[PDB]
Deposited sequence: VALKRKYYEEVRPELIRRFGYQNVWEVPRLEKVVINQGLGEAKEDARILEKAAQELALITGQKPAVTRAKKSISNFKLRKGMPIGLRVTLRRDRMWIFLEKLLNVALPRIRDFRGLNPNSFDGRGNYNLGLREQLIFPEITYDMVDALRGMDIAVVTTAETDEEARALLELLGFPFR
């Protein structure tokens, strides 16, 4: 919720000033965060459900658990990742963009942050201004 507010109040106007977008709907915005937890199953699923607030799908060849977060579950999870999880580790790789505006992070737990930016450069600016700790 706080992270979402930051998007509207702080990030979106700064993106407009930096890239010259003429309308608000053109500005890059997070679309979804996809979490895949590679691989008892019962326990892994309940933990992933607890941390995302969403029921995981079982991916079968059972080799994985997947959630697609959008809207407020997306923002709430991100806020947890940036404020709680990451700072308990011993910053993000700025080259890990897929060439089409999406960021990939592996922790194995793979996370895809999918944005509506069409370029890595704009996606980078969006995620940096949201407080993703790069470099």
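Novice: Which parts of the deposited chain sequence are absent from the coordinates, listed in sequence order?
Specialist: Several stretches lack coordinates - namely 40 to 47, 70 to 82, 112 to 114, 132 to 149, in sequence order.
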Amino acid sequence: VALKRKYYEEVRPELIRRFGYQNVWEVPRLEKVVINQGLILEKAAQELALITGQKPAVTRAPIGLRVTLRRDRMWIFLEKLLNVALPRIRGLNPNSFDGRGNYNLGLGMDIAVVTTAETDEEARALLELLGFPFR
From here on, numbers count along this sequence of modelled residues.
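Novice: Per the entry's values, where does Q54 land by CA temperature factor relative to the rest of its chain, in the lowest, middle or highest third?
Specialist: Middle third by C-alpha B-factor.
Novice: Of the three thirds of its chain by CA temperature factor, lowest, middle or highest, which one includes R60?
Specialist: Top third by C-alpha B-factor.
Novice: Against its chain's modelled residues, does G91's Cα B factor rank lowest, middle or highest third?
Specialist: Its C-alpha B-factor belongs to the lowest third of this chain's values.
Novice: State the tercile, meaning the lowest, middle or highest third, of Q22 with respect to the CA B-factors recorded for its chain.
Specialist: Highest third of the chain for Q22's C-alpha B-factor.
Novice: Where does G106 sit by CA temperature factor within its chain: lowest, middle or highest third?
Specialist: As the PDB entry reports it, the C-alpha B-factor of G106 lands in the highest third of its chain.
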